[PDB]
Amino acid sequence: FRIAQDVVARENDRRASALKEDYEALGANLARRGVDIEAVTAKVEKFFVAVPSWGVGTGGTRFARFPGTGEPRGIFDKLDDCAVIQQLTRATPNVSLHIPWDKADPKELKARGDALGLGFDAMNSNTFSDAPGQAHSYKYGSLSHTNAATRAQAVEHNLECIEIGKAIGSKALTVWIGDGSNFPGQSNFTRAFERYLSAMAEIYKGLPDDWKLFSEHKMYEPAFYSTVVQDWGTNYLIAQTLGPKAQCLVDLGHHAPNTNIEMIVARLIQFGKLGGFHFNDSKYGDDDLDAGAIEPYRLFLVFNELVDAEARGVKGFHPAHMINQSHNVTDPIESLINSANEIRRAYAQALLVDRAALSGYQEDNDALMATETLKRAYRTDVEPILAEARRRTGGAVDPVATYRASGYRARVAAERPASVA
């Protein structure tokens, strides 16, 4: 146990009275609205989102990085920290790895995961940066590089990621690359995309029968003029071209200003290509902020599309969910905790939507009542539900308060040496 059980119990007891009052009050209010709070709590306690191994360390920008104390020294320390997030929130049982950052003996990774009670989600390849001993640089691209040998090298890297994933329990590979151009004319849009498609086809051939390949679009950064996989339109063409095992990953902060992201989600679901999500929040660009910290309603609206899919009876719909954020000015563990909480919060509210009433208002084109129907769900403070779900599953009623009460950060700060060079 990363966090002492007596600490969790103590903090849970300190807040048990208040939780009871709020939960029972919300329960009665929901009952009057025709909703069974127990049914919602039962679903909420089973909603999981993967935690990025690279998210437990402090992030930075191209201008600077300001590390905190006890930064994880490697993947094993990172898994130890991810275990804290899972123990306290019980919403992050799985971790997403990034290769080569997390490269290590698969048997050891697996052993450590099992020991901490953590599993592994989709693998993430890295051909947007150069690793030591690389025969070819990814400066001008990787999977879509003009140089055949460079693409070949990138393909082999992704295949290696699949080999690592198979050994630790992963069932998917997420591919995000920086490929694109910074100047008009630098790249031939079509030829670069064709090159990408050919390389991804090779990677697709390396997929086990029960695996999935997720391509992730991004409007810009690191490429500032054009990006090969720039939006969901190109992403759909990729997935449709590759095959049944290929789907699209939607990262909230990767879209043009004012984009209606929830519609993109609906469109991908309709055509069965919604592979998964990368949750985070933003205001300007790919800010990678704590999910829901900026626009909680938008997050709720994305979940509204996910829940509606269930209501509509969409088959075989199991999108992969992962948090993909950068924590530059907070304790990474605390931000991941509250971010996981916001995601469950939006999910819970989406479950409260009176779909029967909504379908009626949609058919009668009663726009005002249709939107108010969504608002009645979103406006509901579901914190008591999230807290109870945690209490029942061995988590903390107030995760961050319990984390702080445990003195974990100070503990690891004394155990881990900060990098000097």
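Numbers follow the displayed sequence, beginning with 1.
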Averaging only over Cα atoms, indicate whether 313-321 or 121-129 has the higher B-factor in the PDB entry.
313-321
Taking the deposited Cα B-factors and averaging over 222-230 and over 91-99, the higher mean is found in 91-99
Looking at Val84, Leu268, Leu159, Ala291, which has the highest CA B-factor as recorded?
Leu159
Whose CA atom has the top B-factor in the entry, of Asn235, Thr241, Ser144, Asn260?
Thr241
Of the three thirds of Cα B-factor ranks in this chain, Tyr204 occupies the highest
C-alpha B factor of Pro67, ranked within the chain: lowest, middle or highest third?
highest
By its CA B factor, does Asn280 count among the lowest, middle or highest third of the modelled residues in the chain?
lowest
Taking only the Cα B-factors deposited for this chain, tell me whether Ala389 sits in the lowest, middle or highest third.
lowest
Please place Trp211 in the lowest, middle or highest third of its chain by C-alpha B factor as given in the entry.
highest
